[PDB]
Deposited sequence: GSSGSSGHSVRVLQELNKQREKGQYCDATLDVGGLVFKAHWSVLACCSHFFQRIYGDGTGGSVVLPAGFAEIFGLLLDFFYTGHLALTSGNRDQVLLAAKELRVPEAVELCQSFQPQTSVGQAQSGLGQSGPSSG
């Protein structure tokens, strides 16, 4: 379980903003994260990497879910947020997330 422990330590790290070279502003919510983790699950983040990134405010409601998924592998889906998460996952080029939303069975 070495990799499980490392990722939850990374997750704990970003909650505290530690070692986080990436700060994301969506709506009015600011999020700390690691570019390296973001690049693992998102083609959009891979592409805009080259300080401070602003994302569409219409994602604020579900951005935390999307990010938790990156650090934990669990996308907090619901019949009520499914279409929102899907739209955000497509735009942010998060392959695994689109698959999860499309296959989602309430």
Numbered from 1 along the deposited sequence, what ranges are absent from the coordinates? 1 to 6, 57 to 60, 117 to 135
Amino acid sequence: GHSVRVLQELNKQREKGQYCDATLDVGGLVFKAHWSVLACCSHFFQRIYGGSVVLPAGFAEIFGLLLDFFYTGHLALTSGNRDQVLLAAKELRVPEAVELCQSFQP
From here on, numbers count along this sequence of modelled residues.
Higher-scoring stretch by recorded Cα B factor average, 51 to 59 or 73 to 81: 51 to 59
Assert higher mean C-alpha B factor (26 to 34 or 62 to 70, deposited values) equals 26 to 34
Specify which of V94, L10, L86, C20 carries the largest Cα B factor in the deposited PDB entry. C20
